Structures are given as structure tokens and as C-alpha cells.
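Provided below as C-alpha cells are two forms of one protein chain, presented individually as structure 1 and structure 2.
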Structure 1
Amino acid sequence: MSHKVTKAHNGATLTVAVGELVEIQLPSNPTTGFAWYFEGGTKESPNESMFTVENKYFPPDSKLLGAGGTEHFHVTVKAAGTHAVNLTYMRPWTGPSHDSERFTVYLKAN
């Protein structure tokens, strides 16, 4: 019953309770050296009193070499307001650029 959001929900605003966990699932292929990071370049929440985050990678069930898996970000809003979760698919030693893929979801808590 946790909200499960995927790349299709880029730009969505989800109404959520403070303390409620939201699961974001994004395609991700570690064999490229790219992964999803907060727009700033790390896996950590920009501010934990606003929302906390945990992350885990799941490889593809096919176990096929070179095949993409899925990263799961478990986000829990901790304060009322509308929180932008802004992620960017990057190689962490290069950082973002014009052609980097981005994902955003807004989490609105009362």
C-alpha cells in the first residue's frame, strides 16, 4: 500500500502523510557506471528533517549480463509541505550536464 512511483510519474505530485513511505523505482544499469543520484551528486537526502531516503539496487531477474536492473528509493516525508525529489542519472565522477536524464516527483504532505 506504499505508493509505488516509476519513471512514468516524472513530474507527478503525490499527496502523502508525514511519516508515510513512498517507493520510487527507476531503471538503472550499473554496468554503465551510471546510477541515480540526488541532483547534487550523492544518494543522500538533501535534508533529513524534510524527508529521509534509503536506496537499494535490484538486478534483473534474468541474470543476463549487461542487462539493466532497477534502483528503489524509499522516501519518507518528515515535515508538512511539498517536497521536490530531484534525481539525475549520472556517472558520479562526471556529474550532470544538458543531456543527463532527470526525474522529479513532488511529495505533498499536510
Structure 2
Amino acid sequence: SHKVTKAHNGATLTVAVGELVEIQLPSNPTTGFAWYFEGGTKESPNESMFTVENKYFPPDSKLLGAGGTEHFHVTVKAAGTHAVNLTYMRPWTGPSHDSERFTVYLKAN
């Protein structure tokens, strides 16, 4: 588990097949936004390449609209270099070319 954050956008991590990689990104879904894979899902684009679980961590308080953090737990399933491409968007809107993106590449032998 690596604790990959925005500071690590664009990195290639060397990982073992089976290893869990933990991504944490800032997120504020009370503004309507959250992180999705292409097409507005939190599911892996390709389960045979890697699996993903996700959980959002809200501030536990009455500070309404404070941002929290989304955790994605990615397990690599096969050898190769696998792109994890997330986009920060309102899911009814779609993304645009200005949308904030996060990508990391997971390399397994």
C-alpha cells in the first residue's frame, strides 16, 4: 500500500501482481463533484487488468461543504503497465478537456 496522492500524479509505480496500491485524492461531493473512471463509474475499466474498491471520507462535522478525501484501493491482477485514469467531474455533466485528471501507472512483472 503506497499512499499515492496528487503530488504523485503521473508516476509509474512498480508493484507485484496481487499488491494493493492506495490512492488518496481530495474530493468535495457536496459541490456535485467526485472522482470517476472514464464514463462516470468507480469500477475498474478492465477487471482482468486491475480491480478497484473505493471509499469517501467526509469530515465528520457540521462544517457543511468542507472537502474530504476519496480512497481508491487498486489491486493489480496481471503483468504489464496499467494506467489508472481518474477524472474529477459532476457525473451528470460529463468531463471536458479542462477537467482535473489524475493518473498513475502500475507496472507489474
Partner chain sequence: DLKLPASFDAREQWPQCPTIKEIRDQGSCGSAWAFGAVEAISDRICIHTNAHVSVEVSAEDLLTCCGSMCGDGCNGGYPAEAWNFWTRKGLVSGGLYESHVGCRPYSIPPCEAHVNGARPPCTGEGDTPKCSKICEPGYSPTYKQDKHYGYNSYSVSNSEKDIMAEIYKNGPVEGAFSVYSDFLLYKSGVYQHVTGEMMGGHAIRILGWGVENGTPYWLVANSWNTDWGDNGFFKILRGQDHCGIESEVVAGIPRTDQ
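By rigid core we mean the largest C-alpha set that fits within 1.5 Å across both forms. Residues are numbered by position in structure 1's sequence, first residue being 1.
Chemist: Between the pair I just shared, point out the form deposited without its partner chain.
Modeler: Structure 1, not 2.
Chemist: Please find the residue from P27, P46, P60, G81 showing a Cα shift of 2 angstroms or more between structures 1 and 2, rigid core superposed.
Modeler: Shifted by 2 Å or more: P60 only.
Chemist: Give the C-alpha shift of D99 between structures 1 and 2, in Å, after superposing the two forms on their rigid core.
Modeler: In the core superposition between structures 1 and 2, the C-alpha of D99 moves 1.3 Å.
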